[PDB]
Structure formats: C-alpha cells, structure tokens
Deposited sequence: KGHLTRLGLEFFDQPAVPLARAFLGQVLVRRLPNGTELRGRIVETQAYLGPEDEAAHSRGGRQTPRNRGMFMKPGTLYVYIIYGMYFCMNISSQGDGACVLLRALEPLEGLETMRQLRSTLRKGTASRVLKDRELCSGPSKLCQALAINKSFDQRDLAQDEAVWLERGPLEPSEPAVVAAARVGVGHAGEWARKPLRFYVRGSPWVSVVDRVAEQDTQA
C-alpha cells in the first residue's frame, strides 16, 4: 500500500526506468495474504519500433504485446518456449518496456522454494527472468495489469550500476550489441555477469 511507487515513477523512458528499477522492491501478495518480496538487481531495456531486438520492432503491435503500448507501469507478461513466463513493465514510449531479469529474494523464501520445485539454493530462486516469475507466482493472468494500481503486485521504493549487452539477443546486428542491460555490480543474485563490461 502506502509505499507503492506510483504512475509518475513509471512514466520515464526505457533506459532511465530500467536503471531506476535497480534497488526497488517487487512485492507479490498471495491469496493467503502473505507477501513475497524481491529486490530488483538486473533489468533489460527494449526501446520500441527502432529496437530490432524487441517484440515491438517495426511497430509490430498485437493483442498479445499490447501492454508495451499501454500506459507506463502496465505489465506485459508473455509465454516463452511454451513453458516459461517473462515479465516486462511498460515504460514511456509506445512499444518500449523493461524486462525484469533477476531479483534478490528478501521475504517468503520458503514459499518461493516451493513454487520453483514444480532442494534449491537461494541463488537459484530468482536468478533469471522466468525463474523470478515462477518464484513469485507470476503468469499470464498478470498481463496488462497496472503495477501502480493492482492489489496483487506492486513495486516499493528502494531501501554501482553496470551497463552491458543484453541476454538472449543473438550475435548479429547493431542492436544486439547495445548496453541495454543493467545490474547491480557485485551482486551475487544477478543472472549473468559480464566481467568485461564490469571493467568500466
């Protein structure tokens, strides 16, 4: 409640938003009233129509990815490999959004451990875009919900950033190389480290 980041926070372009997300806390309120909490430590930006690595490239817009084209803070959750979910948050700009890739589990660990069993060390709980969705019971029903106005999920105010190439982009093209992935330097909770990028 009271701590929830509002509409204003999300209304920022993809890069600033993705960097702004680091440190913030994603909260998931379960039916039992329990709340799962994770500190965002890795995010990845998609800039829209011009971004050849995005679902929205070339203005591609369908009922599936409509979330990216809706008001900032709107979620875009999709199924990948017909088996996993990926959670994205719309940012300022049509077709622009930010993908959450890893969280530092803070509360509800045991429930997360159960959710990701279908014994896992804490490091394997939310160290991935699909892992975190699983650990927080996030699925397709969350698609197009508003992070600023939803009863089951929201972001709470925070309390060195590394900019690196994105994960899952392939090895061809200018867009695959851009430093559009951001994570907390030194965090053992990040999904994929880039030692080279870490060398400033």
Going by C-alpha coordinates, which parts of the deposited sequence are missing from this model?
1-2, 121-128, 170-175, 217-219
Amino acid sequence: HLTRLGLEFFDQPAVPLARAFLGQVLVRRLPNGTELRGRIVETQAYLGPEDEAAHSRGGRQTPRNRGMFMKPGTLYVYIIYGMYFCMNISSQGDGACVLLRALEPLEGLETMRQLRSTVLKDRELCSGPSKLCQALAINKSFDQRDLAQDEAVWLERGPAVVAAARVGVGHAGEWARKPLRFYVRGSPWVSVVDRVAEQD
From here on, numbers count along this sequence of modelled residues.
Mean Cα B-factor check, 41-49 vs 150-158, entry values; winner is 150-158
Out of 188-196 and 16-24, which stretch has the higher average CA B-factor listed in the record?
188-196
Per the PDB entry, maximal CA B factor within 55, 166, 171, 131
171
So among 102, 115, 97, 87, who wins on Cα B-factor in the entry?
115
Determine, from the deposited record, the chain-internal third of the Cα B-factor for residue 82: lowest, middle or highest.
middle
How does the C-alpha B factor of residue 73 compare with the rest of the chain: lowest, middle or highest third?
lowest
Record-listed C-alpha B factor of residue 111: chain third:
highest
